[PDB]
Every structure is written in C-alpha cells, then in structure tokens.
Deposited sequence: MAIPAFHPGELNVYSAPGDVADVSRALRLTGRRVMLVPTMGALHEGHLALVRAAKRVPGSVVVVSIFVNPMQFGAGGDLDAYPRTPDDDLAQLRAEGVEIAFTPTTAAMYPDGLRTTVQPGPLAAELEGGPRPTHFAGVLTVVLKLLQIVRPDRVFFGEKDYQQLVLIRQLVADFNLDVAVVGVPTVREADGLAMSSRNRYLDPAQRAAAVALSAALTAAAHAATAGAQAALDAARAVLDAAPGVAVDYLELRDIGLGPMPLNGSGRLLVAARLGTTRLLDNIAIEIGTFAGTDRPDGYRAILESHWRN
C-alpha cells in the first residue's frame, strides 16, 4: 500500500516491476514527467545520448531499464548522468508465466532484418510493450541506428493506441562515422577499417541525392564495392515509414553487411533531388 522508497536526486534501483510501477505512478502524481530509456546494459555513449535527451525535458525523471531480452559500471555511469531510476528486472519477473501472450508485428517485420531473424522483432515489440505498461512514461527514447526497429515501435504505438511519445535520437558515431554498436569491439583492425564504408556510403548517397535516387544508390554501392571483406546483405532506399520510396521527397537509406562474423547496420535520412 506504501510507495516503495524513492530518494530524489539519487540513483534508485528497482528489480520488481511492481515497485518501479508504483514509484513511477507516485512521481507522475507529483508533477514529474516520466521518461523511459530502454537498454540491455553494457552502456555506451549511444545510451548516454538517449539519457541526455530525456534529461533535458523540464521536470523529467529519467528511468533507464536494463534488461537482456532472452552492472556496477552501468549504474555508476547512470549515477554520473543524474539518472534517478534504474529498473533491472530478472527474466522471471518479466516473464512469471513464461512466454504466452506476445506482440505480432505487421509485415514490415518480415523484411530487411526480419530476413535473417524472422521473429527478432516480435520479441523486441513484446518487451517494449511490457516496459511501456510497467513504467507508463510520457516519452520513450530510442536511437535511430536500428531504424526498422524504431519504425516497428512507432507502428506498435499507433496500432495499440499507446499514449506515449516515441523519440528517435540521432545515432552516435565514432570519429570516422562508424555507428556505435556493442559489436564494433569484435572487429579486428582490417575489419574495423573496412567498416567505415557503411557510413561513408550512406553520407556519399545523401549528398549524391541532388542528382536523384539512382545516383544516390549508385554512389553508396560504389563506396561499399571499394571495401574488402564487406558482404552486403541489403542496400535499400525506402520512404521514412519504410514503405516504397516516393518519386521525390523524404526517404531513408538503409544498409546491412557482414564483416567476418559480425553483422553491422547503418541508415541515413535521404532527400530526393
């Protein structure tokens, strides 16, 4: 009946869904705007950019979930950013009845990433929906790196009439443009040097786009063709919702490739002509 302990301006950690739910509700009732940054831990500058984006909403309290969908470092990083709530549930707490009711994505989940991994997105949309129901944030923050994921989440939100604002945060990148990812550490020196071709192809495309869609795609393809040991799985230009690219106007160019055993993805905004 009592709200769990919450100390404002400190890092409060909760592993019970009902605790975080009760604290988030208590906080909402006192005025604060609840922001949710979902993560799977092993925090990097990309997650800090989602945190900083959430923190700048006036009156924000920031909830960072850390949950590996089937430590003290992460928490210290959150402490240093001024985050007030970490939600760190067990698999059992998230799934106390096992896998049962789930989210079935629309047919977009079968395209692109959904080729190698036909059910990956059902799993992501299920846990995102649960996290949104537990935390009930006013706004939820994702990076743009996994753009198809982001689009699928906006579809989830629209389709199930969720009241939350979905905020996409521009992808944080290394100095040479490589998109931040937990996988970059695995690249040896030759793979890491080759991997800059994804971001270089996409920026080349976004600039070639004054010359039209084919010039853009041909520019990206040429840059990827200049890289050794980059096995391109797809290179597609779509509209911003990931339907077919309209004759001109706004679009998104997406790429994925395998370098040795590591799969990399990147995407960029494209304006046609």
In sequence order, the deposited-sequence ranges that have no modelled C-alpha atom: 71 to 85, 289 to 309
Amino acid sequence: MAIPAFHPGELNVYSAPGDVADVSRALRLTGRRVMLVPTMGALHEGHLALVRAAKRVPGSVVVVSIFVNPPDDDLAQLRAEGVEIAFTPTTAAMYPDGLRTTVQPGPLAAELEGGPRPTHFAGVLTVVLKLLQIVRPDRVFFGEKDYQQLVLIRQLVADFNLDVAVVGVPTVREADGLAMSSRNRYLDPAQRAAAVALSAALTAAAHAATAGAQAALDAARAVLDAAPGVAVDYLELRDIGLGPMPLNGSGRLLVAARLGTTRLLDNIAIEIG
From here on, numbers count along this sequence of modelled residues.
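We call the rigid core the largest set of C-alpha positions that still match within 1.5 Å between the two forms.
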Core-fitted comparison in 9 other deposited structures of this protein, 243 to 251 vs 36 to 44, farther C-alphas: 243 to 251
Stretch with larger C-alpha RMS deviation in 9 other deposited structures of this protein, core superposed, 72 to 80 versus 136 to 144: 72 to 80
Comparing 239 to 247 with 55 to 63, the one whose average Cα B-factor in the PDB entry is higher: 239 to 247
Residue stretch of maximal mean CA temperature factor, 182 to 190 vs 123 to 131: 182 to 190
Among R117, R139, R154, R173 - the residue whose C-alpha B-factor is largest in the record: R117
Chain-relative CA temperature factor third for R221: lowest
CA B-factor placement of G82, once the chain's modelled residues are sorted into thirds: highest
Relative C-alpha B-factor of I272, binned into the chain's lowest, middle or highest third: highest
Third of the chain's Cα B-factor distribution that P38 belongs to, per the entry: lowest
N161 - which third its CA temperature factor falls in, relative to the rest of the chain: lowest
